[PDB]
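Asks: Below is one structure. I have some questions about it.
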Amino acid sequence: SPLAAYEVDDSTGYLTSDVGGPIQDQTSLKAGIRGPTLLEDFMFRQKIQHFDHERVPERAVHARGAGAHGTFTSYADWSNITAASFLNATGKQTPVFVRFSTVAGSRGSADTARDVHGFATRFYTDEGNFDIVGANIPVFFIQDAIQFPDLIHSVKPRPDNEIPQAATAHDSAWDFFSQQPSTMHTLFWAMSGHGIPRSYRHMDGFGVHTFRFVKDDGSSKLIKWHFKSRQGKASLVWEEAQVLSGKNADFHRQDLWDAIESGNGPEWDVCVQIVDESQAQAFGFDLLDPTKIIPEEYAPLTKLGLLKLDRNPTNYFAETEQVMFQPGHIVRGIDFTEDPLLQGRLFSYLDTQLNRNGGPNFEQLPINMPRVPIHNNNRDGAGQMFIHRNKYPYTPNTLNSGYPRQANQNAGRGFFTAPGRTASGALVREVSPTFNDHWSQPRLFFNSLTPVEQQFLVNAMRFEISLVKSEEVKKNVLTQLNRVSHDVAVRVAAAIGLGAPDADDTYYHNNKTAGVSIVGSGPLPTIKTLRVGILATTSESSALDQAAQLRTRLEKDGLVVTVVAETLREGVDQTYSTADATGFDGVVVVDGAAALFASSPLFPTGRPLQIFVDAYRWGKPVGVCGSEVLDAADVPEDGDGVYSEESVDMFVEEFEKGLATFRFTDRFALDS
Amino acid sequence: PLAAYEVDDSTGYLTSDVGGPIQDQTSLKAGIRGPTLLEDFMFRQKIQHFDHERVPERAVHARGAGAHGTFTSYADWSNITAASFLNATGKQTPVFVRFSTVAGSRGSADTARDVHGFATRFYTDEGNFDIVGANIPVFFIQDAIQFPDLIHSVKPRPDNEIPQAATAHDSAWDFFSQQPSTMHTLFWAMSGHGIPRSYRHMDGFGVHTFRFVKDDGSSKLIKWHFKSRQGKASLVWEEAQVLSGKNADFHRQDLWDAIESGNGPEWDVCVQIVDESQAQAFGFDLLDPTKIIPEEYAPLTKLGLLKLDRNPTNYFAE
Amino acid sequence: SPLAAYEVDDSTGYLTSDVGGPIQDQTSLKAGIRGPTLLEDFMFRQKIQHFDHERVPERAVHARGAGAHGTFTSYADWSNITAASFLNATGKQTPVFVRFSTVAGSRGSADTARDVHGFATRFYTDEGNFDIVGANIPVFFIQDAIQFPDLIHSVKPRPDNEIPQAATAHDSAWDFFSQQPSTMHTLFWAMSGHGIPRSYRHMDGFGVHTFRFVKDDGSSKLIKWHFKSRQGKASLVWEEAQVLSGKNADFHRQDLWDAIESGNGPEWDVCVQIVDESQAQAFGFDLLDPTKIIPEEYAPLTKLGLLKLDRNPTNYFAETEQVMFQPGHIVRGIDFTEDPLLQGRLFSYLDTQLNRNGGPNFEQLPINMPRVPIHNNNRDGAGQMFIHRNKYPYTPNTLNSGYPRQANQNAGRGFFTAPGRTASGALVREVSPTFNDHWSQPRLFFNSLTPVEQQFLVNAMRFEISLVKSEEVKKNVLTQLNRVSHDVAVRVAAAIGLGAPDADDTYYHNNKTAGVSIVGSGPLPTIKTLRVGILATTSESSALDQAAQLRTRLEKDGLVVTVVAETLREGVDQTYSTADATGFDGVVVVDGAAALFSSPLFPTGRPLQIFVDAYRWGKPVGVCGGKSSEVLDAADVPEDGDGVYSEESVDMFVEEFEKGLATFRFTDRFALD
Ligand code: HDD
Ligand code: HDD
Ligand code: HDD
Ligand SMILES: [Ca+2]
Ligand SMILES: [Ca+2]
Ligand SMILES: [Ca+2]
């Protein structure tokens with residue numbers, strides 16, 4: 001692997017320059033012990049110059065992200081449906097690297113911003129690198145790639161003052177959304193709990209676009225990729241996401257890192273929906289339109305293989321920061337479609353790597369290299385790392401005996417465009433009328449959420465739109481929401497004191513679809529990796545005792561347990577001063593600690609109780625082991641997802657069921 | 001002030017960068033549901049610009065915000081310096097100032113605990129003069145060659161890039177404990193100075209000793225102190241953490257709002273002035289940037305007024 | 001080959017993208033057979049994007065040059081003068097790479113422009129890469145690095161229209177020279193035959209600056225680097241260099257390439273003049289002044305080892321174009337001096353690579369990699385190839401156990417600055433007055449040339465100065481030349497119609513030094529690789545047999561023979577249409593071909609003109625077969641001239657002609673003032 005070969009060991013040895021000369025790097029060379037630094041200090045300059053040049057431009061979108069290595073294993077020989085080599089035998093294994101991201105934030109912005117998320121997977125196949133550069137959400141904001149800068153400028157900070165960071169909660173974004181109705185579907189996904197997933201591990205992946213699978217005989221079918229999480233899906237609530245941004249801006253990347261270090265590497269079933277070419281407009285919308293999903297009732301999933309992430313990078317810059325994905329990295333057996341969003345994307349990713357890398361040889365970075373030989377006539381360019389032995393790099397040649405040979409459908413396993421694809425008509429800059437329904441699928445989506453999820457979504461909109469200064473933009477927003485659902489527009493307008501416009505039922509209906517709701521998708525299928533905070537005290541040997549015994553029984557099931565006390569000591573992991581409810585999926589107070597919950601120089605006033613109340617209001621399983629304490633909280637002993645038991649075993653057993661349920665949604669007020 | 005470079009887009013038709021009127025909402029396709037054409041220059045010039053919008057962030061002080069203002073001299077300071085912007089009572093010079101945290105990337109929160117930069121350009125009639133200063137009057141280290149060691153230790157661990165904008169991790173404290181010069185800046189950073197209420201409520205320092213040089217050749221040693229006229233004020237930690245999440249832009253918004261409401265922040269720009277012969281007279285070395293000269297030993301002389309009163313037009317360009 | 005690890009083989013296999021996907025690259029994807037090209041065609045865009053970005057900026061100076069790999073072998077254990085590890089044992093071998101170049105011309109400009117030349121050597125030592133970035137001439141134009149852009153602007157093309165390419169023959173250069181008299185020394189070397197060397201292999205190498213040798217005990221001595229050519233020194237004549245520039249702009253790079261390919265890799269003795277610290281001002285001038293040589297009479301050379309170039313690159317762009325030399329690549333045992341031209345160079349070489357490479361990681365290019373492990377805390381930056389395991393890249397640390405360790409004089413074989421070096425005084429932008437004599441050494445140089453060499457030098461000056469438009473500049477030039485030698489100013493003045501000014505004898509003397517004269521360094525020590533052209537004819541079966549016999553005999557002694565005729569056939573290498581006297585060091589006509597001396601197959605008079613040019617440029621020429629007077633009379637070449645040969649016998653002809661090839665140039669054939 002080109003990664004092993006380029007690993008550099010510094011665990012022994014003397015400091016050297018980049019050209020291998022042993023040196024020191026701690027004192028500048030000076031004329032006299034109190035004199036000025038000398039230009040001839042090469043040691044100073046080579047070190048500072050490296051440091052001066054360490055940064056590269058951040059990605060234009062998806063700048064905040066993290067990745068990991070893993071493996072993809074095919075479940076079957078899929079030759080009946082695609083020629084793709086990585087899919088051509090049962091048990092066939094391919095190395096992968098995945099990077100997850102938000103969209104709008106710059107590289108230091110918080111993981112738990114409300115946003116759409118990237119899910120980019122590189123398969124290093126035996127017939128070349130194949131990238132699926134996908135999302136946590138199956139539909140996108142716009143219908144033509146040429147609009148991407150427009151969308152992105154509106155959602156990124158206003159350019160006079162560069163405010164606000166990583167947020168659609170400002171005028172320009174809502175102006176664009178309200179002026180460009182195609183945005184509604186993704187908008188509804190982004191405003192639901194999908195905008196604030198619990199972790200990268202608890203989100204699906206989607207290729208968004210229709211692609212083709214192409215067989216060796218040249219026949220082809222239309223496909224949508226769906227990466228289906230084995231950890232189940234989960235979100236934060238918004239008041240929790242906000243606090244988390246401040247307390248742990250690295251929440252998602254730490255979650256991914258830690259799960260992999262503990263042998264809980266995340267898994268997804270890689271699936272396709274697969275349909276015939278003739279069904280391009282059969283489902284009541286156009287499969288070239290990336291704002292639409294094919295409901296599962298219309299085309300079920302076929303499982304192809306298992307994606308597992310199971311090793312962290314060695315150097316984040318060299319691997320995560322430098323990985324350069326491109327939908328143009330395609331392999332024989334896969335082909336594009338005439339999705340006008342997909343089509344322009346092919347151009348952008350090849351071009352943008354010149355900006356990041358500063359030079360044309362970016363496919364030579366080790367993370368970008370393939371796992372097979374490279375035979376082509378590309379030459380020179382800044383940062384050329386190969387030494388080519390073919391001095392006759394042109395086709396046709398006889399001087400290198402005609403090598404490299406052309407690869408195509410009938411030679412060298414060449415890529416080939418699906419040979420039934422055709423084009424006809426005028427050369428136009430016109431939008432197909434088949435793309436015009438912007439509102440029926442956002443409605444379908446909303447209809448498919450539970451009542452508490454619908455409320456969350458309305459509340460996300462009320463929160464954002466209330467921060468829009470322009471009263472014109474606010475009214476324009478309500479006009480658009482109203483075409484999806486009168487009821488959403490009445491509820492959102494209540495909060496901003498404007499009147500919804502009159503119901504306009506053109507795009508209304510009652511249809512629902514499966515697999516789009518987080519709460520409706522059940523208890524989590526595993527609670528491993530989930531986090532339990534046990535609030536305890538040093539003033540009481542019984543407290544640390546009860547804590548230790550819970551720890552045993554909770555760590556038993558693969559929960560990450562943190563014991564919190566006023567000060568560190570054996571058995572205590574975190575002080576109250578640094579603890580927060582955003583740090584746990586469940587909070588347990590050991591009754592031995594009743595007294596912290598009625599001042600201290602060691603932590604902010606009311607910190608112990610605040611954690612517990614926060615946890616409760618945000619819907620987490622909370623409880624007391626050993627009561628009265630539930631009074632101090634004002635937390636009802638008979639509420640769902642509130643546990644109080646004298647027995648450790650009965651407590652843990654009930655509490656684990658709470659963890660699976662994950663959120664107690666009865667704690668949230670619904671509109672009338 | 002930079003009027004001559006401004007570009008007005010409040011009217012007109014869309015053009016290319018070479019003035020050809022064009023559209024930019026739909027790609028050119030072979031047929032209405034067909035593939036996009038390579039000959040669509042409108043599409044490629046637009047996406048190419050977008051693909052190349054970003055430039056590398058600053059290696060340190062990536063997160064920051066800036067504004068235009070005026071420096072007004074209080075006196076004719078020719079008897080201490082030949083510097084021309086300081087040479088007549090009331091003399092006015094345009095400035096631009098950028099404030100910042102040190103360790104976080106672009107996007108990180110304004111109210112991380114950090115040292116802060118306070119950089120001022122004076123566009124003088126004898127050339128640009130820059131004081132690239134700090135909210136804290138002393139720096140962590142005593143030799144420039146050690147800078148990448150400091151910054152690598154305080155920036156996120158390089159295997160996973162965790163934690164963002166925070167000294168709260170092993171590498172940084174390992175460095176602080178092995179490099180005892182760091183103690184002075186460390187104490188200031190751990191105080192309320194690490195979490196100012198606003199850019200307007202902190203002071204600015206040159207940190208280094210410099211020289212003033214007269215037209216006759218004689219010099220003096222000086223430290224620059226910009227003394228805030230808004231007063232000093234800090235957050236408390238627990239509030240700074242919450243604020244970092246509720247409003248990552250808190251200091252830039254504070255500054256921007258103060259200027260738009262007529263409340264542009266002001267500093268008195270001062271120096272401690274001492275003789276060449278005093279370089280070691282105060283019980284430490286004036287060349288040593290981990291040290292202050294206690295005001296008991298050399299009082300501040302006020303040279304002029306710094307007022308920031310104009311927000312930029314384009315954050316990126318400015 | 002030392003860079004085998006990075007080689008890419010394309011002698012078999014199917015075309016792929018840079019990411020391994022097999023593809024085609026001959027036809028674009030179109031909507032229909034006569035339709036427009038599709039944006040989705042990634043095969044097209046990856047291929048054209050690469051091509052669109054193949055170029056990097058050429059070097060700011062020395063843009064035009066050529067390189068080869070080789071070996072350095074130490075003749076001894078040099079620990080008695082230096083701690084340098086590549087010099088620590090008899091027969092110790094170190095891979096090198098060397099690049100030779102001109103200075104002013106762009107990429108593409110002609111090898112045989114009149115110029116100073118670069119001679120840059122990398123030693124990939126077991127203690128780090130060490131570069132000697134030197135010259136063919138021992139002295140530089142200017143005494144302070146800060147003046148480099150002024151020198152280079154004045155000698156480069158004028159910036160309104162970019163004329164003239166690779167030439168000092170224009171007003172701005174001579175304005176600079178006349179206003180900046182430190183330039184005189186280097187200017188006299190450039191105007192001599194050293195400005196137009198016969199090949200890279202026939203020139204010497206110089207460090208220019210005084211450096212220090214430092215022993216492991218911290219004592220030091222001052223050194224000058226001299227690389228003495230084992231092929232001998234040889235120049236072209238100006239009228240020939242000019243024709244060559246147009247007939248073969250690749251002359252020196254081809255000469256080098258062919259020499260290595262035929263097993264005749266060029267060699268140099270790498271030497272030093274060594275002197276004590278306390279002799280910095282003992283020789284009549286300042287050793288910190290890069291415009292001065294230590295005459296050999298005062299400090300003899302010590303031979304340190306053998307430099308041999310014996311392997312051409314595989315990819316010119318990857319190896320020669322990308323090699324990035326720096327005097328900052330220094331190794332323990334060597335140190336800098338306070339030469340102000342050297343001091344500033346340290347800065348420029350590190351900085352200019354950011355320009356060429358477009359990013360900070362240029363030392364990771366294969367050609368620039370060291371041959372030993374790298375342990376340091378430099379990280380990230382564009383194009384980062386390494387994946388560093390150490391997650392605590394700062395010092396001091398405990399979390400990586402204090403590694404990498406600091407290296408210095410007493411631990412880890414660290415570089416260290418010579419401990420005896422000091423500075424004292426005010427911080428100044430003043431020139432030392434010890435640097436003020438700009439004229440005595442150019443005069444010393446002029447005196448050590450033979451009378452014909454002196455004529456060539458005067459003629460190079462007349463040629464260039466006559467092309468200066470400005471009469472003021474021309475006057476100002478005679479003023480400076482006049483301070484060197486009244487005689488030079490008189491003789492140049494005559495060409496341009498101006499009086500020389502009155503003798504000014506402050507700096508005149510009659511002193512001479514060894515080893516700076518090309519024409520006085522005796523005959524070449526070897527003639528292998530020298531080029532013999534045999535003019536012959538297809539009309540006569542017997543001319544091709546004389547040519548074959550003559551070929552066989554000459555090739556036996558390692559000479560490169562070209563038979564020329566009207567048309568190619570077995571045994572004929574080149575047509576008259578392509579042949580020129582610049583392609584040969586010697587020209588023989590086989591007397592079966594006397595009749596050629598008009599056709600549709602070559603320009604009128606071409607065969608005769610080859611012989612006449614060869615004679616007029618000082619080459620050995622002759623006629624073989626026994627009947628000579630018809631060729632010789634057509635050419636106006638006297639039968640008894642030195643370097644003119646006629647013999648019936650092949651054996652006898654060659655023995656005499658080979659003496660002429662060693663003499664190389666017959667200087668009796670050029671007029672004197
Ligand atoms: C025409 C412009 C354009 C359009 C329409 C899109 N993108 Fe994109 N995308 C970019 C232009 C781009 C980019 C500017 O080219 C980026 C920035 C850095 C890079 O490598 O490419 C990028 C990066 C990028 C990344 C980060 C890859 C990584 O982790 O480095 C993901 C996951 C996506 N995009 C996903 C999408 C999805 C699911 C899209 C719509 C379905 C989409 N992009 C449309
Ligand atoms: C030799 C390395 C080094 C050392 C010892 C310092 N700095 Fe620095 N500084 C840089 C290297 C640097 C830099 C890498 O060159 C930066 C990053 C971006 C830039 O323009 O310069 C910079 C940026 C920078 C900025 C941001 C300016 C802006 O807003 O654009 C400020 C305020 C400072 N520095 C202030 C300081 C102070 C008060 C120092 C100690 C007295 C200090 N620096 C020591
Ligand atoms: C202050 C600037 C400066 C000064 C005073 C000099 N040079 Fe230089 N030289 C450069 C700045 C430079 C440079 C701009 O940095 C180059 C261009 C590309 C590079 O690598 O460095 C260079 C290239 C360069 C090369 C080409 C190396 C190669 O083949 O790649 C040689 C042989 C020399 N120089 C030799 C000299 C000699 C013998 C000098 C006087 C004794 C000299 N230089 C003074
Ligand atoms: Ca806005
Ligand atoms: Ca750490
Ligand atoms: Ca000129």
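We name chains A, B, ... following the order of the structure tokens; residues begin at 1 in each chain, and ligands are numbered from 1 as shown.
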Just want the residues within 12 Å of ligand 6, written as a PyMOL selection string, counting only C-alpha atoms and all ligand atoms.

Replies: chain C and resi 153-165+167-176+464-465+467-470+473

Asks: Which neighbours of residue C:513 fall inside 10 Å, counting only C-alpha atoms, when residues of the same chain fewer than 2 positions from it are skipped, and could you give them as number ranges by chain?

Replies: C: 294-298, 444-449, 511, 515-517

Asks: Kindly export the residues of the current selection with N, CA and C atoms, as a PDB file, in the first residue's frame.

Replies:
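Writing done, so here's part_22.pdb:
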```pdb
ATOM      1  N   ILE C 294      43.197  33.483  -5.552  1.00  0.00           N
ATOM      2  CA  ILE C 294      44.520  33.305  -4.947  1.00  0.00           C
ATOM      3  C   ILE C 294      45.390  32.732  -6.033  1.00  0.00           C
ATOM      4  N   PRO C 295      46.340  33.530  -6.550  1.00  0.00           N
ATOM      5  CA  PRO C 295      47.228  32.957  -7.572  1.00  0.00           C
ATOM      6  C   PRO C 295      47.813  31.631  -7.056  1.00  0.00           C
ATOM      7  N   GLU C 296      47.968  30.671  -7.965  1.00  0.00           N
ATOM      8  CA  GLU C 296      48.477  29.320  -7.640  1.00  0.00           C
ATOM      9  C   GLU C 296      49.927  29.317  -7.134  1.00  0.00           C
ATOM     10  N   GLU C 297      50.713  30.278  -7.593  1.00  0.00           N
ATOM     11  CA  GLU C 297      52.034  30.519  -7.084  1.00  0.00           C
ATOM     12  C   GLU C 297      52.028  30.642  -5.551  1.00  0.00           C
ATOM     13  N   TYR C 298      50.968  31.209  -4.978  1.00  0.00           N
ATOM     14  CA  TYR C 298      50.883  31.446  -3.529  1.00  0.00           C
ATOM     15  C   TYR C 298      50.268  30.312  -2.704  1.00  0.00           C
ATOM     16  N   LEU C 444      46.187  41.282 -14.298  1.00  0.00           N
ATOM     17  CA  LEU C 444      46.923  40.024 -14.099  1.00  0.00           C
ATOM     18  C   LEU C 444      46.411  38.920 -15.049  1.00  0.00           C
ATOM     19  N   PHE C 445      45.086  38.801 -15.140  1.00  0.00           N
ATOM     20  CA  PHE C 445      44.491  37.797 -16.017  1.00  0.00           C
ATOM     21  C   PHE C 445      44.919  38.087 -17.463  1.00  0.00           C
ATOM     22  N   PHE C 446      44.714  39.317 -17.940  1.00  0.00           N
ATOM     23  CA  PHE C 446      45.049  39.663 -19.333  1.00  0.00           C
ATOM     24  C   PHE C 446      46.501  39.350 -19.689  1.00  0.00           C
ATOM     25  N   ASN C 447      47.431  39.766 -18.840  1.00  0.00           N
ATOM     26  CA  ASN C 447      48.860  39.424 -18.993  1.00  0.00           C
ATOM     27  C   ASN C 447      49.185  37.924 -19.136  1.00  0.00           C
ATOM     28  N   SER C 448      48.361  37.036 -18.583  1.00  0.00           N
ATOM     29  CA  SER C 448      48.671  35.608 -18.564  1.00  0.00           C
ATOM     30  C   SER C 448      48.119  34.886 -19.801  1.00  0.00           C
ATOM     31  N   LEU C 449      47.463  35.636 -20.693  1.00  0.00           N
ATOM     32  CA  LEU C 449      46.972  35.078 -21.952  1.00  0.00           C
ATOM     33  C   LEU C 449      48.111  35.170 -23.012  1.00  0.00           C
ATOM     34  N   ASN C 511      52.683  41.363 -14.072  1.00  0.00           N
ATOM     35  CA  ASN C 511      52.599  40.050 -13.428  1.00  0.00           C
ATOM     36  C   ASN C 511      51.670  39.059 -14.157  1.00  0.00           C
ATOM     37  N   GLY C 515      47.855  28.844 -15.314  1.00  0.00           N
ATOM     38  CA  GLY C 515      46.682  27.971 -15.320  1.00  0.00           C
ATOM     39  C   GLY C 515      45.386  28.670 -15.674  1.00  0.00           C
ATOM     40  N   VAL C 516      45.468  29.903 -16.164  1.00  0.00           N
ATOM     41  CA  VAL C 516      44.266  30.613 -16.603  1.00  0.00           C
ATOM     42  C   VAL C 516      44.216  30.708 -18.129  1.00  0.00           C
ATOM     43  N   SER C 517      45.344  30.437 -18.779  1.00  0.00           N
ATOM     44  CA  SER C 517      45.391  30.415 -20.243  1.00  0.00           C
ATOM     45  C   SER C 517      44.915  29.076 -20.762  1.00  0.00           C
TER      46      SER C 517
END
```

Asks: Extract, using only C-alpha atoms, all DNA, RNA and protein residues at most 10 Å from residue A:369, discarding same-chain residues fewer than 2 positions from it, and format them as a list in words.

Replies: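 Everything that qualifies: residues 1, 2, 3, 124, 128, 129, 323, 362, 363, 364, 365, 366, 367, 371, 372, 373 and 374 of chain A; 18, 19 and 20 of chain C.
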
Asks: May I have the residues within 9 Å of residue A:95 as a ChimeraX atom specification, using only C-alpha atoms and disregarding those fewer than 5 positions away in the same chain?

Replies: /A:69-72,122-125

Asks: Go ahead and dump the residues you just picked, N, CA and C atoms, as a PDB file, in the first residue's frame.

Replies:
```
ATOM      1  N   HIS A  69      -9.956   4.659   7.699  1.00  0.00           N
ATOM      2  CA  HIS A  69      -9.716   3.556   6.771  1.00  0.00           C
ATOM      3  C   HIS A  69     -10.612   2.406   7.117  1.00  0.00           C
ATOM      4  N   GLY A  70     -10.858   1.528   6.136  1.00  0.00           N
ATOM      5  CA  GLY A  70     -11.604   0.326   6.365  1.00  0.00           C
ATOM      6  C   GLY A  70     -11.566  -0.595   5.171  1.00  0.00           C
ATOM      7  N   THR A  71     -12.596  -1.418   5.083  1.00  0.00           N
ATOM      8  CA  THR A  71     -12.691  -2.445   4.058  1.00  0.00           C
ATOM      9  C   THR A  71     -14.140  -2.535   3.576  1.00  0.00           C
ATOM     10  N   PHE A  72     -14.313  -2.866   2.300  1.00  0.00           N
ATOM     11  CA  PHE A  72     -15.602  -3.198   1.729  1.00  0.00           C
ATOM     12  C   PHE A  72     -15.532  -4.678   1.345  1.00  0.00           C
ATOM     13  N   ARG A 122     -14.113   6.217  -0.915  1.00  0.00           N
ATOM     14  CA  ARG A 122     -13.163   5.825  -1.954  1.00  0.00           C
ATOM     15  C   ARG A 122     -13.007   4.318  -1.835  1.00  0.00           C
ATOM     16  N   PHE A 123     -13.278   3.586  -2.929  1.00  0.00           N
ATOM     17  CA  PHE A 123     -12.954   2.155  -3.010  1.00  0.00           C
ATOM     18  C   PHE A 123     -11.686   1.967  -3.813  1.00  0.00           C
ATOM     19  N   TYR A 124     -10.603   1.462  -3.228  1.00  0.00           N
ATOM     20  CA  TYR A 124      -9.366   1.306  -3.993  1.00  0.00           C
ATOM     21  C   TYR A 124      -9.388  -0.037  -4.739  1.00  0.00           C
ATOM     22  N   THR A 125     -10.112  -0.106  -5.846  1.00  0.00           N
ATOM     23  CA  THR A 125     -10.359  -1.388  -6.461  1.00  0.00           C
ATOM     24  C   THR A 125      -9.183  -1.917  -7.247  1.00  0.00           C
TER      25      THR A 125
END
```

Asks: Please check which protein, DNA or RNA residues sit within 6 Å of ligand 3, counting only C-alpha atoms and all ligand atoms, and write them as a list in words.

Replies: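 Listed by chain and ascending number, the contacts are residues 59, 60, 61, 62, 99, 100, 118, 119, 120, 133, 134, 135, 140, 145, 148, 208, 324, 325, 341, 344, 345, 348, 349 and 352 of chain C.
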
Asks: Between C:462, C:486, C:391, C:569, which one has atoms that come closest to residue B:170, using only C-alpha atoms?

Replies: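 Closest residue, counting only C-alpha atoms: C:391.
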
Asks: Find the residues of chain B that sit at most 12 Å from ligand 1; for each, write down the nearest two atoms and how far apart they are in Å, to one decimal. Count only C-alpha atoms and all ligand atoms. Sort by chain, then by number going up, and give it as a Markdown table.

Replies:
```
| residue | atom | partner | partner_atom_place_in_ligand_line | distance |
| --- | --- | --- | --- | --- |
| B:27 | CA | ligand 1 | 1 (C) | 10.9 |
| B:43 | CA | ligand 1 | 1 (C) | 9.0 |
| B:44 | CA | ligand 1 | 1 (C) | 9.3 |
| B:45 | CA | ligand 1 | 1 (C) | 11.4 |
| B:46 | CA | ligand 1 | 1 (C) | 9.3 |
| B:47 | CA | ligand 1 | 1 (C) | 6.1 |
| B:48 | CA | ligand 1 | 1 (C) | 9.0 |
| B:49 | CA | ligand 1 | 14 (C) | 10.0 |
| B:50 | CA | ligand 1 | 14 (C) | 7.0 |
| B:51 | CA | ligand 1 | 14 (C) | 4.9 |
| B:52 | CA | ligand 1 | 14 (C) | 8.1 |
| B:53 | CA | ligand 1 | 14 (C) | 9.2 |
| B:54 | CA | ligand 1 | 14 (C) | 9.9 |
```

Asks: Would you export the selected residues with N, CA and C atoms as a short mmCIF file (atom, residue, chain, number, x, y, z; two decimals), in the first residue's frame, please?

Replies:
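What follows is the written file selection12.cif:
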```cif
data_model
loop_
_atom_site.label_atom_id
_atom_site.label_comp_id
_atom_site.auth_asym_id
_atom_site.auth_seq_id
_atom_site.Cartn_x
_atom_site.Cartn_y
_atom_site.Cartn_z
N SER B 27 -27.19 25.12 -17.37
CA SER B 27 -26.14 24.57 -18.25
C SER B 27 -26.65 24.34 -19.68
N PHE B 43 -20.72 28.15 -17.88
CA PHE B 43 -20.63 27.23 -16.78
C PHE B 43 -19.17 27.12 -16.26
N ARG B 44 -18.22 26.84 -17.13
CA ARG B 44 -16.83 26.58 -16.68
C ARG B 44 -16.17 27.83 -16.03
N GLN B 45 -16.39 29.03 -16.59
CA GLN B 45 -15.71 30.21 -15.96
C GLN B 45 -16.25 30.41 -14.53
N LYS B 46 -17.57 30.23 -14.36
CA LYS B 46 -18.24 30.36 -13.04
C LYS B 46 -17.80 29.29 -12.02
N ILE B 47 -17.72 28.03 -12.43
CA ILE B 47 -17.40 26.98 -11.51
C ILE B 47 -15.94 27.01 -11.18
N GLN B 48 -15.14 27.34 -12.18
CA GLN B 48 -13.69 27.52 -11.95
C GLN B 48 -13.44 28.61 -10.90
N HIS B 49 -14.05 29.79 -11.04
CA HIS B 49 -13.89 30.74 -9.97
C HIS B 49 -14.28 30.16 -8.62
N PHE B 50 -15.42 29.50 -8.56
CA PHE B 50 -15.86 29.00 -7.30
C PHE B 50 -14.88 27.97 -6.73
N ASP B 51 -14.40 27.06 -7.58
CA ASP B 51 -13.49 26.01 -7.19
C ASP B 51 -12.23 26.51 -6.59
N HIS B 52 -11.89 27.76 -6.91
CA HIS B 52 -10.63 28.40 -6.53
C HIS B 52 -10.80 29.59 -5.61
N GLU B 53 -11.93 29.69 -4.92
CA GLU B 53 -12.20 30.84 -4.04
C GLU B 53 -11.26 30.87 -2.80
N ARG B 54 -10.90 29.69 -2.28
CA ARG B 54 -10.23 29.61 -0.97
C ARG B 54 -8.73 29.79 -1.16
#
```
